[PDB]
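Here's a solo chain for you in structure tokens, the form deposited in one PDB entry.
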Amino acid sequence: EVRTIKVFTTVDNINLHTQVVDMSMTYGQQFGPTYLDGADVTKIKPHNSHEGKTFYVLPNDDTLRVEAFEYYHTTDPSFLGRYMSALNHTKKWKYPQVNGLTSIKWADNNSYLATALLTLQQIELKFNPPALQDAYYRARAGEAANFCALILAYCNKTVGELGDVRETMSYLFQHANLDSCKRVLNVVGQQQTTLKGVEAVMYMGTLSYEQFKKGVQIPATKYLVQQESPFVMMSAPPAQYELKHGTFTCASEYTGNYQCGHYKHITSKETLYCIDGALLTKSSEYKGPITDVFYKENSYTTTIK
């Protein structure tokens, strides 16, 4: 007794393809690996309630492959299942709007994701993968489940695993349009270097944009000659630090030990705000263990001869 229902399949949720599914067989039997709003349905059999719904199915035909590459800018066959797997959790996360920004209530060690999401709403980033563009616009508004599930998928991270914020930005930065970004550095006889792309906007070793401009000791003195970017990201191993209102855009606080601690996010707005997931405190001065600081920028040229 052969019953059927109509569903849609997709790899990108923009191009829907209509499917008739035998209610007697499993989705996997008919589509291969198959997901519904994250939940893997590959060994379960169609339900009546399934009529009309969209189902994610790994690209098996060259059409789906093309649609898939064009949406994610990856060909990694495991990507879609990882995104769906991550998505099955992040959809249960809560995303409060703390301070006019979208955060994440703590869960499964997602403090790092929260801090990067907050940061990503405060700086000028144009994503090239449409998936990320679309996921980010929704996350700005308050629905950040997909952006977060994509971030894990691109960065090959499991739910529950604490990630490193600097490393994530780096990954994301490589999927964003930072081609126009330029950095000129001089070391001191005098040896000048030119950086571009993600290397133009990132530095490990000091938290202070002012120090970078004044002069940093190295194994000699390195100093910033020219910055052409919308922001710069100053990182360094965690260290006690005074954050002064108006002198930065935002910053990552890390308390704890290597690969087993906890991130908070500090934002300079009308005052210093500490966004700890769903929790929020306010202080005019802040001092704490900091490892990333962001500063907005347009164009900067040294005055050093």
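So that the term is clear: the rigid core is the largest set of C-alpha atoms that superpose within 1.5 Å between two forms. The first residue of the shown sequence is 1; numbering continues from there.
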Counting residues of the deposited sequence that sit between residue 219 and residue 220 but have no coordinates, the total is 4 to 9
Could you bin the unmodelled part of the deposited chain lying between residue 188 and residue 189 as none, 1 to 3, 4 to 9, or 10 or more? 4 to 9
Do the CA atoms of 220 to 228 or those of 129 to 137 have the higher mean B-factor in the entry? 220 to 228
Per the PDB record, is the mean Cα temperature factor higher over 115 to 123 or over 96 to 104? 96 to 104
Criterion, highest CA B-factor; candidates, 162, 202, 178, 165: 178
Kindly indicate the residue among 264, 244, 43, 53 with the greatest C-alpha B-factor in the PDB record. 43
Compare the C-alpha B factor of residue 249 with those of the other modelled residues in its chain, then answer lowest, middle or highest third. lowest
On the chain's distribution of Cα B-factors, residue 13 falls within the third called lowest
Entry-reported C-alpha B-factor of residue 64 relative to its chain, by third, is highest
Sort the modelled residues of this chain by their C-alpha B factor and say whether residue 194 lands in the lowest, middle or highest third. highest
Chain thirds of CA B-factor: placement of residue 145: lowest
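Only in words, not in the display: the form deposited in another entry, which the text now covers.
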Any CA movement of 2 Å or more for residue 255 between the shown form and the other one, core superposed? no
Can we say the CA of residue 21 moves by at least 2 Å between the shown form and the other one when the core is superposed? yes
